[PDB]
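As given, the protein sequences belong to chains G and W, one line each in that order.
Residues 160 to 429, 433 to 560, 566 to 608 (full-length UniProt numbering) are what the first sequence spells out, left to right.
Residues 160 to 429, 433 to 560, 566 to 608 (full-length UniProt numbering) are what the second sequence spells out, left to right.
Ideal placement from N, C-alpha and C gives every residue a C-beta, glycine not left out.
Heads up: the structure comes next, in structure tokens.
Protein chains: 2
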Amino acid sequence: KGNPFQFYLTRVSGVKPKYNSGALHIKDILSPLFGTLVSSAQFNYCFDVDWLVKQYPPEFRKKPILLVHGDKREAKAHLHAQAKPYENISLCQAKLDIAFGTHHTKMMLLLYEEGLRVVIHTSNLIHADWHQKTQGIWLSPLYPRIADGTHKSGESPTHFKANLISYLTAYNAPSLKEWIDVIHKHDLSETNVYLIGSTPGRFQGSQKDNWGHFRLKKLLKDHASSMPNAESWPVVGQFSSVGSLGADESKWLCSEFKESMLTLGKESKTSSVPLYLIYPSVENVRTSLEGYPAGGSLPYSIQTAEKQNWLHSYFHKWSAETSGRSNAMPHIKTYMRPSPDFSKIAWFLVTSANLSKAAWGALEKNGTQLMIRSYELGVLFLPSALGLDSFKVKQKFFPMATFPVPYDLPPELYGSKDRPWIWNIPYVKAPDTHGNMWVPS
Amino acid sequence: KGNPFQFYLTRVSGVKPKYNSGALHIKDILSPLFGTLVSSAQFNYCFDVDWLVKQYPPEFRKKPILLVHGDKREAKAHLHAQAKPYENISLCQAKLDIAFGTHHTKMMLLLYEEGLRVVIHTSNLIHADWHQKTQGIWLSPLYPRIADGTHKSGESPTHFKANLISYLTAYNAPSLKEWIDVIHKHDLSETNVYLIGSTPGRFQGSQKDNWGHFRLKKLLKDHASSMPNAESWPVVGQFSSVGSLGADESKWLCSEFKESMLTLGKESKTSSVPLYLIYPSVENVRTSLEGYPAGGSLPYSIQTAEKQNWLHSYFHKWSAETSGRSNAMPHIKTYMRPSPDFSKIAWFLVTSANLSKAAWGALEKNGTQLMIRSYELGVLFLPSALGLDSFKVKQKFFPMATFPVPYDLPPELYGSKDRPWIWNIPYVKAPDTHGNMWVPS
DNA sequence: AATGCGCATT
DNA sequence: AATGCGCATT
Numbered sequence: 160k161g162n163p164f165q166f167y168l169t170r171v172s173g174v175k176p177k178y179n180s181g182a183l184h185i186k187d188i189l190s191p192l193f194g195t196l197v198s199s200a201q202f203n204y205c206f207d208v209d210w211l212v213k214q215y216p217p218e219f220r221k222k223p224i225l226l227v228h229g230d231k232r233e234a235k236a237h238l239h240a241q242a243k244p245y246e247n248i249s250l251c252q253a254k255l256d257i258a259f260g261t262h263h264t265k266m267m268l269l270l271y272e273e274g275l276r277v278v279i280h281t282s283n284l285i286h287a288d289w290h291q292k293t294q295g296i297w298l299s300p301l302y303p304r305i306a307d308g309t310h311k312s313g314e315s316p317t318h319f320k321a322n323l324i325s326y327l328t329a330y331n332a333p334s335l336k337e338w339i340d341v342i343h344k345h346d347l348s349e350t351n352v353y354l355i356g357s358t359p360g361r362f363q364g365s366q367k368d369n370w371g372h373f374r375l376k377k378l379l380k381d382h383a384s385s386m387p388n389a390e391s392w393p394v395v396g397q398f399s400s401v402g403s404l405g406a407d408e409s410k411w412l413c414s415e416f417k418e419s420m421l422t423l424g425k426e427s428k429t433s434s435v436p437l438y439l440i441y442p443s444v445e446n447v448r449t450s451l452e453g454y455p456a457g458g459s460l461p462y463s464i465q466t467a468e469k470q471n472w473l474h475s476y477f478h479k480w481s482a483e484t485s486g487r488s489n490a491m492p493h494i495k496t497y498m499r500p501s502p503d504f505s506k507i508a509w510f511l512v513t514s515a516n517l518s519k520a521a522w523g524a525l526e527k528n529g530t531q532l533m534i535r536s537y538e539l540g541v542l543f544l545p546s547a548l549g550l551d552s553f554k555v556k557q558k559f560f566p567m568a569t570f571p572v573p574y575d576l577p578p579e580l581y582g583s584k585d586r587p588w589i590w591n592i593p594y595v596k597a598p599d600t601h602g603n604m605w606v607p608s
Numbered sequence: 160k161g162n163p164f165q166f167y168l169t170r171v172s173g174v175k176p177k178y179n180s181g182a183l184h185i186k187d188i189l190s191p192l193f194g195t196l197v198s199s200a201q202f203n204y205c206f207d208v209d210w211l212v213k214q215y216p217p218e219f220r221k222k223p224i225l226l227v228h229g230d231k232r233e234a235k236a237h238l239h240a241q242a243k244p245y246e247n248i249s250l251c252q253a254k255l256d257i258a259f260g261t262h263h264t265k266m267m268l269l270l271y272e273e274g275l276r277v278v279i280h281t282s283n284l285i286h287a288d289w290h291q292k293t294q295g296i297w298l299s300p301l302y303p304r305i306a307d308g309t310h311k312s313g314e315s316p317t318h319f320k321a322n323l324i325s326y327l328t329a330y331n332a333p334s335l336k337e338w339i340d341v342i343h344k345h346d347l348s349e350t351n352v353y354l355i356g357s358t359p360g361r362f363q364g365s366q367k368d369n370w371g372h373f374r375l376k377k378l379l380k381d382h383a384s385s386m387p388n389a390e391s392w393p394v395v396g397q398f399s400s401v402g403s404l405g406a407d408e409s410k411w412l413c414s415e416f417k418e419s420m421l422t423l424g425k426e427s428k429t433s434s435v436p437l438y439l440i441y442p443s444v445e446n447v448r449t450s451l452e453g454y455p456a457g458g459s460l461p462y463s464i465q466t467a468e469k470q471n472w473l474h475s476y477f478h479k480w481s482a483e484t485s486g487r488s489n490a491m492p493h494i495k496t497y498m499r500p501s502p503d504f505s506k507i508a509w510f511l512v513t514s515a516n517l518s519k520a521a522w523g524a525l526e527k528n529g530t531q532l533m534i535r536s537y538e539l540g541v542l543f544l545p546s547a548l549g550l551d552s553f554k555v556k557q558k559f560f566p567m568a569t570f571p572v573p574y575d576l577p578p579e580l581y582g583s584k585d586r587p588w589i590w591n592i593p594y595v596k597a598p599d600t601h602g603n604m605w606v607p608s
């Protein structure tokens, strides 16, 4: 109605309604309000198909859905069976030819009579993920249909229409060529965000820029401006899962991943740019709204963790008084570049992607190719596409073009008592919010 | 003539004859003195076939030799061609089915009319290795032939006859069954050393004890005695090549390799046992008898080295005034367990084996199997097989059963200036003994 | 889940 | 030199 960012969280059961006024539930997303639906498409990793269908309004529940997943075999047959009762639901397996890869992108295409809406978010399609957790949502505006006679690209300065199409053609699934053509007939020119995809593969030369962290690096080179005293502006990475990052920080994180994030403006330098990583403590999960059960969505393995204790001295607490979400655990992923006083940020990103090489990609064969395992997707917010140099941090979440950060800044470092949440090991010592212990059976 | 150990060095050209009285050249080994030869066998890694043949006395030069190597293809055809002129020389390639494996064992079998002599040493069969270097030699005594009528094992308390046979059958080469039967007809009972082989493969259960460092561990359990204050007796490893030992000391060296070395007596404990590794500095090679050319036989690669700078704080200088060999570089390998004051040693080993997992073996598939790449071989000296508790270090090399250590004790740690010798990188800064620089072309 | 990258001598 | 061990998700 008023604001430029179109950036929202999910409704959280069990907090003061102060905080959920201006958040969204999935039903609010699929409301008649947002136009008379014709068909949808749902990209995601996990699906409760019965629950999902109940989230659409009765008026629209018979209209086609295409589900886009990466599952195979028994996971596949369970999904296919779970969707058998509904004659309007179709499916599209997306090809995951590298191992340990996930179809992790979370996105709704929503076709109406009145236009198109694209929605990029961070929540799985199961009840537990929209209940008591802290998630991220971006809404496009309604994209009007292009008149049949007229000839217009329907493109924005951020090249979003063209960046999104490239993302979908990369699948090769026939079921999506329908959704490419749908997008081609629609005017996407009002879009003020840049798209950031990861798609699986191994990419060489000029192709490395297309996906992953080289994509972010390129965008930041071409569309960010180098600030005075830039080296003192830190990086902040926020996530719910942790992949294997190697033997020490030089192997990937503080070399290859951090380079791409700190890039700003065309001129390149070749640092002590502080990196603050945010990941819930054991104690943040203990005192949570769910308690230890929140550990269900925080899958840091003990085997992965003990390999890399070096990482943990970069780890800071979940803390989100600005949203009243300190006890609603993070399944959102975000990355941003603040000023040293944290009053302003050069850019913000929300995405599906975790702190993993699978998701962001990592280099192979001596710097020549970039391998990515997983499908991911996010939107980047840049001041340059709003005629600004920086955003200003909304000191409290809920006054014009000041960006709404969901967590508290500055991040607070782990105490000596603190260790990170790990779902493999049993927490038997102190009980959770609801008087339970944790034994991963 | 007098002594019990039978432990010698090679003659070194360019030192005071004080030091070479009581050392040996290869011709001294193959002399008529040691019996009228019938045929020999020569196990080794590198061979100069023309030079070799010239080391035998003219009287014996026509008598059969079998060469035992691991080379294949062009290395093979070069060797086969190089031995073509001599109708008495035969060959035996030994099978190296794991990759990066070497046939590294250095041993002479020497058949005479009057008996058998086995000789286990550390020098390759090329002129450069017997010239100005510091090497190790063990001679058996003359093993008399067993009378055809009599029935006697010909075995010693150290089970050497049986340990050696097992070593040769492990090859499967038909050419060696002749040498097994030769050994079977001979009395090896006077042997006061234990044999220590590495042969290539992957070994499970009770088989792990047969080879490598599990072999040493087993021998030390069964035939050494646990001293009072044993944890304060250090370990000392001396070598010319360095394999890849992993990301840190826990991966192999200070866990798996060091355990096996410090074992003593049946009772097991489960430490700060100091480990002193001896490897020439850049400066030890610079000031050497050869100069930088000595770097030819010290093949520590820059790629291997930079992976493991942690190792280098265990590194001590080559220093051997006791032998007048400080400038003759080490191609010998030795390991031993001294007392904290270094006056006495629990045991001594000379061997072909370097500080590598290839040579010593390392564990796979979670502690169940031990993999070895290479063929190696040494003799272990134990006081228990001489009715003693310890040896006493010969304060100066050249008074009854005091053991002759070739290097100076205690070892001296690297200075801040010092770095290890590495043959990949160019030493262009200060000239060597003969006014040359080093550029590895 | 099951492919292909990186590794390992003297 | 060219085999097979170990690795990599949310």
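Expected contact under 8 Å - CB spacing of residue i and residue j to nearest Å
{"i": "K556 of chain G", "j": "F570 of chain G", "result": "6 Å"}
{"i": "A482 of chain G", "j": "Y574 of chain G", "result": "5 Å"}
{"i": "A242 of chain W", "j": "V208 of chain W", "result": "5 Å"}
{"i": "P393 of chain G", "j": "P436 of chain G", "result": "4 Å"}
{"i": "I188 of chain G", "j": "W289 of chain G", "result": "Not really, about 10 Å apart at Cβ, beyond 8 Å."}
{"i": "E246 of chain W", "j": "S357 of chain W", "result": "The pair is not a contact, with the Cβ atoms about 34 Å apart (cut-off 8 Å)."}
{"i": "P359 of chain G", "j": "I494 of chain G", "result": "Not confirmed; about 23 Å, so no contact."}
{"i": "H601 of chain G", "j": "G486 of chain G", "result": "Their Cβ separation, rounded to whole angstroms, is 20 Å, which puts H601 of chain G and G486 of chain G out of contact at 8 Å."}
{"i": "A456 of chain W", "j": "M491 of chain W", "result": "4 Å"}
Residue environment, residue i, which counts as buried when at least 16 other CB atoms sit within 10 Å
{"i": "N603 of chain W", "result": "exposed"}
{"i": "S443 of chain G", "result": "buried"}
{"i": "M567 of chain G", "result": "exposed"}
{"i": "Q291 of chain W", "result": "buried"}
{"i": "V606 of chain G", "result": "exposed"}
{"i": "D307 of chain G", "result": "exposed"}
{"i": "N331 of chain W", "result": "exposed"}
{"i": "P217 of chain W", "result": "exposed"}
{"i": "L550 of chain G", "result": "exposed"}
Straight-line gap, residue i to residue j (C-alpha atoms, nearest Å)
{"i": "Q252 of chain W", "j": "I279 of chain W", "result": "19 Å"}
{"i": "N351 of chain G", "j": "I507 of chain G", "result": "17 Å"}
{"i": "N471 of chain W", "j": "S414 of chain G", "result": "20 Å"}
{"i": "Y497 of chain G", "j": "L576 of chain G", "result": "13 Å"}
{"i": "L404 of chain G", "j": "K469 of chain G", "result": "9 Å"}
{"i": "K596 of chain W", "j": "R448 of chain W", "result": "11 Å"}
{"i": "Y441 of chain W", "j": "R499 of chain W", "result": "17 Å"}
{"i": "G274 of chain W", "j": "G229 of chain W", "result": "28 Å"}
{"i": "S501 of chain W", "j": "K231 of chain W", "result": "45 Å"}
{"i": "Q366 of chain W", "j": "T530 of chain W", "result": "11 Å"}
{"i": "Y167 of chain W", "j": "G295 of chain W", "result": "6 Å"}
{"i": "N369 of chain W", "j": "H382 of chain W", "result": "15 Å"}
{"i": "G540 of chain W", "j": "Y438 of chain W", "result": "20 Å"}
- Whole beta strand (DSSP E) elements within the stretch 439-515 of chain W, 3-residue minimum: 495-500 and 506-513
- Item | Length-filtered (3 minimum) beta strand (DSSP E) runs lying within the stretch 182-251 of chain G | 196-202 and 224-228
- Task: Could you tell me whether the stretch 516-526 of chain G touches the stretch 331-348 of chain G, using the rule of 3 or more Cβ pairs below 8 Å?
- Result: no
- Message: With three or more C-beta pairs closer than 8 Å as the rule, is the stretch 344-362 of chain G touching the stretch 292-311 of chain G?
- Response: yes
- Query: Which ranges would you report for the beta strand (DSSP E) in the stretch 330-390 of chain W if only whole runs of at least 3 residues count?
  - Reply: 352-357 and 360-363
- With contact counted as at least three CB pairs below 8 Å, one residue from each stretch, are the stretch 218-236 of chain G and the stretch 301-313 of chain G in contact? no
- Message: Between the stretch 381-389 of chain W and the stretch 584-599 of chain W, can you find at least three pairs of beta-carbon atoms closer than 8 Å?
- Response: no
- Please specify which runs of the beta strand (DSSP E), each continuous and at least 3 residues long, are wholly inside the stretch 268-334 of chain G, giving them in chain order. 275-280 and 296-298
- Message: Counting beta carbon pairs with one atom in the stretch 264-273 of chain W and one in the stretch 199-213 of chain W, are three or more of them shorter than 8 Å?
- Response: yes
- At a cut of 8 Å, does the stretch 316-328 of chain W reach the stretch 338-347 of chain W through at least three beta carbon pairs? yes
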